[PDB]
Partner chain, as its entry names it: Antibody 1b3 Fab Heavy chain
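Heads up, the chain below is alone and in the form solved without the partner chain; it's given as structure tokens.
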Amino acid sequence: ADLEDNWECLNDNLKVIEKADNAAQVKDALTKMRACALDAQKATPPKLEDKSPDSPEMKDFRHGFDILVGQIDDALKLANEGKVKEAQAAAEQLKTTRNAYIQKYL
């Protein structure tokens, strides 16, 4: 229920998407990613407990999640049109956002 759990939820569902055979499986996993991303967005990461809630780093942290959620939405749109492989490729790129925006605060 904490950050770390929500982060590993992103990792597990990225694996679900990588291994998926159909669009419905990709949609389910992207749904879980989005829910976990929203919960993570509300946490205070271990690099920033001393900082003010409105600090530039905390801004960075939460905006990494707004960016991530928007990209999850873009992948969901692909999956909702049945474009499985396109949705899987979009999900791979979610890793680049996750790594560049959020990892440095964990």
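Numbering follows the first chain given and starts at 1.
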Checklist entry - Going by the B-factors listed in the PDB entry, is the mean over the C-alpha atoms higher for 56-64 or for 71-79? => result 56-64
Item to check | Entry-level comparison of average CA B-factors, 11-19 and 93-101, reporting the higher stretch | outcome: 93-101
Checklist entry - Looking at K47, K27, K42, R34, which has the highest Cα B-factor in the entry? => result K47
